[PDB]
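Given as C-alpha cells, the chain that follows is alone and in the form deposited in one PDB entry.
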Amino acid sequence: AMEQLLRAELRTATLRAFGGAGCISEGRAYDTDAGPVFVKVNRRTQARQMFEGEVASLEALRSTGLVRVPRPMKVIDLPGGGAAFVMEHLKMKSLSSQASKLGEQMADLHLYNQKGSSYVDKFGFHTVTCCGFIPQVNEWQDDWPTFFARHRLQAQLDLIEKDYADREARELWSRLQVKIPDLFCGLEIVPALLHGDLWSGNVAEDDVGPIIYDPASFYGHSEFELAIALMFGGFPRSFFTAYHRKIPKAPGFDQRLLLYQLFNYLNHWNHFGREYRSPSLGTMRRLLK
C-alpha cells in the first residue's frame, strides 16, 4: 500500500524497511562475555514499573510456546532516576516473508485461552502493564465492554481532561459511552491473551520465522490486537488473511475496529500531543454518525 506508492513515486523495484531505538525508550545492543544482550533505558520515574510490566508480558507470552519473544533478564535501577531493562538479543529484520506465519501464530495465541489447560475467565491481568509510559489498570472484570470502557477509554479521556481540558473530547465521550454496548452485537466475548501493542514496529523476523517484542499484555477481546496493526499499516495482507482463516470476523467487526483504534489515537494524544486530537475526535464522531 504505502510501499506500493513509494515504489511508484520513487521508481524502485525493491523496498525493504529497516531499523538508540524506539519512541518510548532508548535501546542498544551490547556484546558481553555471556552473549549479546539488548538494553532499553528510560530515565522517567515510572520506568521500573513499565519494564516490570513488560517482563510480566514477555513471560506470559513465552509460557504459551506459540510465539518467539526475547527472554527478559534484568531490570536495573539507574542513579538519578529511571531504569534499564536487559533482555536477550535477537538478530532481526523487518517482517516480510514471515507475515502469514505470524498471522497464524497470533490467531493461535488468541485461541490459547480456550485450550483445556487455560482457565482465565475474566478480562484484565495479574499486574500493571504500561501503554507506552502510561500505567494501565488491569483489574479483573467479567464483562469486556465494561473493562475496555473503564480501564482503557475512560482512563485515557480522564488524562486528556486533566492535561488538555478538551471540551469536544468530553462531550463526544459522554455520547459514545451510551453507544458502546450496541457495538458488541449481543456477542459473548471470551478472554484472549494479547501482545497488546502489535504495531508493525514491534514485529520482525529472522530465518526461523517471525518474532514479536515490546508487549503490554492483558486478557482482552482478540479483535483489539489488530486495531493498531491496521491503523499504522506495515503488515502484509497475508498476515490478516492467515489470521482470519483461523478467527473469522464476528458481526460488527468494522465498527469495533473504530472503537479500538480510538483507544490508540487517545493514547497517542496523551503520549505525543495535539497532533492526535483530530483523529481522536474524528473517530468518535464517526462512531456517533
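Note that the rigid core is defined as the largest set of C-alphas that superpose within 1.5 Å between two forms. All residue numbers are counted from 1 along the displayed sequence.
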Entries skipping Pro279: at least a third of other ones: no
Output yes if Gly20 is unmodelled in at least a third of the other compared entries of this protein, no if it is modelled in all of them. yes
What is the count, as a class, of unmodelled deposited residues between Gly19 and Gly20: none, 1 to 3, 4 to 9, or 10 or more? 1 to 3
Please work out which of 73-81 and 136-144 has the higher mean CA B-factor as recorded in the PDB entry. 73-81
The stretch carrying the higher mean Cα B factor in the deposited entry, 220-228 or 34-42, is 34-42
Just to confirm, going by the entry's C-alpha B-factors, which of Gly209, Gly116, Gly201, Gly196 comes out highest? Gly116
Of the three thirds of Cα B-factor ranks in this chain, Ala47 occupies the highest
Report the third (lowest, middle or highest) to which the CA temperature factor of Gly27 belongs, ranking only the modelled residues of the same chain. highest
Compare the C-alpha B factor of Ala107 with those of the other modelled residues in its chain, then answer lowest, middle or highest third. middle
For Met92, return the chain-relative third of its C-alpha B-factor as stated in the PDB record: lowest, middle or highest. highest
Comparing against every modelled residue in the chain, figure out the third that the C-alpha B-factor of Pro191 lands in (lowest, middle or highest). lowest
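One more form of this protein should be noted, the form deposited in another entry, which is absent from this view; the next part is about it.
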Mobile residue between this form and the one not shown, C-alpha criterion 2 Å or more, rigid core, from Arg237, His244, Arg43, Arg62: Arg43
If we fit on the core, is the Cα of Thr12 displaced 2 Å or more between this form and the one not shown? yes
Examine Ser280 after superposing the rigid core and state whether its CA is displaced by 2 Å or more between this form and the one not shown. no
Checking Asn267 here: with the core superposed, does its CA move 2 Å or more between this form and the one not shown? no
